[PDB]
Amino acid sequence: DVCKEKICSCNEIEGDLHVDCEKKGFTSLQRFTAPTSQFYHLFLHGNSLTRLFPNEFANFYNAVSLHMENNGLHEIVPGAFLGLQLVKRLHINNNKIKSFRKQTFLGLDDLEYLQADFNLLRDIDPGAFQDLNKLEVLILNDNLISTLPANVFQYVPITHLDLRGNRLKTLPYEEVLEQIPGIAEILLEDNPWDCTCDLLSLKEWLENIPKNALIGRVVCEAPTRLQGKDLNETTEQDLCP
């Protein structure tokens, strides 16, 4: 019914119309509507949207970017984002979403920007982003990602990959690292990197990578033989004797 229902503050500037519904205490958005002619940036910050069910945001098809952080979100039923072809930017950080499954991001065809930092994320379905073919920037810092599945970034135009602050032991070239040639910024700092035979691929890759594309350091946390040492200056013999 917003905005002529006065519920949220849809002030009309600058150059874009911002629908500020931050801290209004929304629990669902199937009961609500949004303007027909104007495109808008939707802000649903601190509203306590605990669960997203199919065909929420259905009347918000004209949204260009969705920003729903600090909602304590944990459950996303597939098709919750359905209808959001226009959206280019999705903020779902600072919640409690424990995993990415396939068809989790169903509906978001144009999506270019994804932020899911601080979410206790662990498992990520291989075919989670496989339809997000415009996803240039993926930000996943401060989570519990143990591993990245084989084909996760196949045909996903990743350019910014923020993977800091996870439980990430290794990163394979085969399928995973080869499939993202277009990187310009990658962040791997704060990970328990296990420098063994399995990390060689990373090392060599970081050599062939565009210069200054890696942001931060990749320090070996293991083994104790190598703890505290940069991958930068790690002889191949030491990784793989």
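Sequential numbering from 1, following the sequence displayed.
Worksheet item: Which is higher in the entry, the mean Cα B factor of 155-163 or that of 80-88?
Response: Comparing 80-88 with 155-163, the higher mean C-alpha B-factor belongs to 80-88.
Worksheet entry | Mean Cα B-factor comparison, 6-14 or 20-28, giving the higher one as deposited | Higher mean C-alpha B-factor in the PDB entry: 6-14.
Practice prompt. Go through 109, 75, 125, 136 one by one and give the residue whose Cα B-factor in the PDB entry is largest.
Written response: Of the candidates given, the C-alpha B-factor peaks at 109.
Item to complete: Going by the CA temperature factor in the entry, name the top one among 187, 52, 202, 34.
Response: Most elevated C-alpha B-factor of the set, per the entry: 34.
Practice prompt. Rank-wise, by C-alpha B-factor, drop residue 68 into the lowest, middle or highest third of its chain.
Written response: For residue 68, the deposited C-alpha B-factor lands in the middle third.
Worksheet entry | Among modelled residues of the same chain, the CA temperature factor third for residue 213 | Lowest third.
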